[PDB]
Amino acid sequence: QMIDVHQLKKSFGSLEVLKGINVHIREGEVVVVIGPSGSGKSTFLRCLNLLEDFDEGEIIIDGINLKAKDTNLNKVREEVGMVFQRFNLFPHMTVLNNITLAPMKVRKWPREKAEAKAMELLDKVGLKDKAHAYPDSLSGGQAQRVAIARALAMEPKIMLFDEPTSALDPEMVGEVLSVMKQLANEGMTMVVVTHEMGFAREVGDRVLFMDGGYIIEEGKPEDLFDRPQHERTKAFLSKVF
């Protein structure tokens, strides 16, 4: 009941990007999403984060129905964090200020409280000493960890990841995946669009393969990667792994 989607459809003009998506993710589940570009993976995530609107079907995030009147969108918005492939940081402010901005403005937390918690989070990602540094001095691996710390600072119940390490140098991937695994080990509800097989196998509860606007196949990590049942899945897997 954490994330419930029924026959979701979305189009950009006369190009149908999502052609009827069905997904039901319960609290604590870690769902990995794979598939070629153009399959609507990001669009799907963007819909769950209220960053994009959808045409048909419906979405229910932890009870609250997104297209129902009443509701209150901004409440859902804040219990769902998101980490993108790139960016995620204000280059004009310190690491610390990047993390406390939303908790102060949206949760009206006094600066001292927000910072004490930011420091804690920064410490848990191994970067407490980067607190007063600006984003430019950080490496790709540190920057993405700060970006996760920032999304976590709002204390969300759902964490969305859109290829968080695909743009990183191989050496930087690990430090980022580790934080994600800890987040997984700690029971967070996660949806992760990634092509990092290792991560999927270790903490992924289920893998959904998206292609051409549909979820072509599902399964436990090793079942889908090693025993793909659909022809399209096998073809795509052999182009990546």
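Rigid core: the largest C-alpha set superposing within 1.5 Å between the two forms. Each residue number is its position in the shown sequence, starting from 1.
Relative to the displayed structure, the C-alphas of 90-98 lie farther away on average in 4 other deposited structures of this protein than those of the other candidate, with 145-153 and 90-98 compared after rigid core superposition. Between 63-71 and 198-206, greater CA displacement relative to the shown form is found for 63-71 when the structures in 4 other deposited structures of this protein are fitted on the core. Across the two stretches, 151-159 and 71-79, the PDB entry reports the greater mean Cα temperature factor for 71-79. Higher mean CA temperature factor between 34-42 and 179-187: 179-187, per the PDB entry. Of the residues listed, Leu51, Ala200, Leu208, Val173, the entry assigns the biggest Cα temperature factor to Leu51. Annotation for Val5: CA B-factor lies in the highest third of the chain's modelled residues.
When the modelled residues of the chain are ordered by C-alpha B-factor, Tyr134 sits in the middle third. Looking at the C-alpha B-factors along this chain, the one for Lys108 belongs to the highest third. Sort the modelled residues of the chain by CA B factor and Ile64 lands in the highest third.
The PDB entry assigns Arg86 a C-alpha temperature factor belonging to the highest third of its chain's modelled residues.
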